[PDB]
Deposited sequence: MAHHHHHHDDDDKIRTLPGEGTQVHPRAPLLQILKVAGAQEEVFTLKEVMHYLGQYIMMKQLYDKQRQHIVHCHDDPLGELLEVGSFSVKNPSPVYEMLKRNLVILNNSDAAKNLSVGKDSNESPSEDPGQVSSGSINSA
């Protein structure tokens, strides 16, 4: 597991890769910004954001919830995401 997370290639462990693939990823190797890209696609596509208060994402009965280990997060409090990423990315 990484401690500190430009252009550097990551390989996501299988649980994360599944979510990125559902989001549309055609790849096994990603940049960090390609991971964030597909992660936001996933929330969009699955409509996990709260529809009145769209900074809030409800991820509780979803494979993403399982990864983040929270029922909800705020896009303005992105810690659960960054922490999940260092738990789920192999940094070569």
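- Unmodelled segments of the deposited chain, in sequence order: 1 to 12, 18 to 19, 107 to 140.
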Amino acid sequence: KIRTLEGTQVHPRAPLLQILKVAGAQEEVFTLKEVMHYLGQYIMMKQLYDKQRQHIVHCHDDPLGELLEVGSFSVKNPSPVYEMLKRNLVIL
From here on, numbers count along this sequence of modelled residues.
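- The deposited model assigns a higher average Cα B-factor to 24 to 32 than to the other stretch when 24 to 32 and 58 to 66 are compared.
- For the pair 6 to 14 and 76 to 84, the record assigns the higher mean C-alpha temperature factor to 6 to 14.
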